[PDB]
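The chain that follows stands alone, in the form deposited in one PDB entry, written as structure tokens.
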């Protein structure tokens, strides 16, 4: 495995270069803020929507996508994957300078052939293993999350150095940036989002629903299954030292005995078989067809699903718990500004 940390990547390839962050959403905002705070010349390219004014409000040089690309040495395409094809064809390909680098943060558009190599220009993937807020929060703490990278086309011979320079400036090399094919990254990423994340929340919800049906205080039930932050803490501490190890070190003997009675015995074959089906639907292109269909609207069915989700007993109970119990939040005040808001006492 090829893994780069801070000492394996220089900022020198970005000196006197301009990085165009295309999009100012979940990833675009975090990339833009970290690049700027790392002393990189950054511009934002964005369509005429709320994100354009947000980028301006947070002190960035903002223009349409075409002008940003045309005045950039490195272009980071940080907009939704189903929009890549149209923006690549219309905005990026006609304006990408000779010897410039285009990066995606997900391999989907590469697998589908919506983003393709261009003569005289570099193409790469730099895919964070983390969402926007934590990438920004970690960065401010001198930390970072891992990333996968893939050099798809290196026409200049500088593609790797520039990608790893972006990675260090955004903070991914503080954890590690591992070489992984865009195809494998695509399937990995989609599998986490389609099998693991839903199954994980479904499980928490099953815990809540059984407790409430059996007459347990709904606030207490919600708190134990995730609301307290304890299961989230176990998973984040587990990420560091191992999940079984967290229980061995911080579980009472009563907890450890209970845990190890059921550890490896809880799930039937049907869960493992569902994981295989999700993966086949991802690899076979069934999901890709489903996604394109959902993106045919402005994600109308997704909007309905999000709304319906919040009416579920678990999310009704959550609102009641979070109203009654204060949570240890890190204030988001000017998190993506050059200077953050005064600390909230």
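Numbering follows the first chain given and starts at 1. We call the rigid core whatever largest set of C-alpha positions still superposes within 1.5 Å between the two forms.
Regarding 221-229 and 265-273, which shows the higher C-alpha temperature factor on average in the entry? Mean B over CA atoms: larger for 265-273.
When the C-alpha temperature factors are averaged for each of 93-101 and 122-130, which stretch ends up with the higher value in the entry? Looking at the recorded C-alpha B-factors, 93-101 comes out higher on average.
So if I compare the CA B-factors in the entry for 242, 157, 198, 144, which one is the largest? The listed residue with the largest C-alpha B-factor is 157.
According to the deposited entry, which of 278, 317, 32, 300 has the largest Cα B-factor? The record points to 300.
Tell me, lowest, middle or highest third: where does the Cα B factor of residue 188 rank within its chain? Middle third - that is where residue 188 ends up once the chain's C-alpha B-factors are sorted.
Ranked against its chain, the third holding the CA B-factor of residue 148: It falls in the bottom third of the chain.
Considering only modelled residues of the same chain, in which third does the CA B-factor of residue 305 rank: lowest, middle or highest? According to the entry, residue 305 has a C-alpha B-factor in the chain's highest third.
Third of chain Cα B-factors occupied by residue 112: Within its chain, residue 112 is a highest-third residue by C-alpha B-factor, going by the deposited values.
Place residue 81 in the lowest, middle or highest third of its chain's C-alpha B-factors, as listed in the PDB entry. Tercile = middle for this residue's CA B-factor.
Omitted here: the form deposited in another entry. The next part is about that form.
Candidates 85, 80, 218, 146 - which moves between the shown form and the other one, C-alpha at least 2 Å, core fixed: One residue passes the 2 Å cut-off, namely 218.
If you line up the core, does residue 286 shift 2 angstroms or more at its C-alpha between the shown form and the other one? Shift of 2 Å or more: yes.
Compare the position of the CA of residue 35 between the shown form and the other one after a rigid core fit and state whether the shift reaches 2 Å. Residue 35: C-alpha displaced by less than 2 Å between the shown form and the other one.
Using the rigid core as the reference frame, would you say residue 66 shifts its C-alpha by 2 Å or more between the shown form and the other one? Not so; residue 66 is displaced by less than 2 Å.
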